[PDB]
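Okay, here we've got a single chain as structure tokens, the form deposited in one PDB entry, with questions on binding and movement later.
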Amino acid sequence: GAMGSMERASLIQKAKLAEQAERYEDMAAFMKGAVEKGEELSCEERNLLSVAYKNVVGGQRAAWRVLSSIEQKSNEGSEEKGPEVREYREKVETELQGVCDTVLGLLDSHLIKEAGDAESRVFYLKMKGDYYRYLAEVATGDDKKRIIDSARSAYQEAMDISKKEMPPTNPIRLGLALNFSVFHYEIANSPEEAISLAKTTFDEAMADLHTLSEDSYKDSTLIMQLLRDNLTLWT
């Protein structure tokens, strides 16, 4: 609790500054501190939390993929180079897992349980699915299955709520469906499920665009284009 002495509002202010400065590790630390104040988060604050951690873990994931590729090449008439590639991949991996565990911990203590509105609850459950998905990307042990199931379960709970409580064009509903489709294709070895989910999501959103303002239209169509990009890649 290094942020325990800082006002909630000052933490949020500094998170916004950190975002402007592209200091995402600081941003994440400020937002962790804000969460640990124990109050629920507004929509803007939820997005600050998400942006911060997604940028941190995104950098870690990219680094992990670089190192994993080098390691795989080392294991092909490749000359023995000793333990260093594996050691350093493991270092990065452990740090990535630590960040995922930190986010999951915030969600479990106590963001999800206090989230009663569909917008908040879906947002947090989507986050939960995403960070388990990131853990699944690097998992190989006796627990890859359990990690995959944890991701699936979170995504599924989010989906069920989103379908009941949000319009098909809601950006969080769309983003959830996008990420769950990625889970199906990339993690769960279920490309047909991925394709179906992306197609159904896109089509139901298309049919609801007429209800939207110009600005909401822009928000929804941005994510719809991502669904389309994946469908184009996958088919």
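From 1 onward, residues are counted along the sequence shown. If you superpose the two forms and keep the largest set of C-alpha atoms that fall within 1.5 Å, you have the rigid core.
Just so you know, the form deposited in another entry exists too; it's not on screen, but the next bit is about it.
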| item | value |
| --- | --- |
| Rigid core superposition, residue 25 Cα moves 2 angstroms or more between the shown form and the other one | no |
| Threshold 2 Å Cα movement between the shown form and the other one for residue 13, core superposed | no |
| Shift of residue 225 between the shown form and the other one at or above 2 Å (CA, core fit) | no |
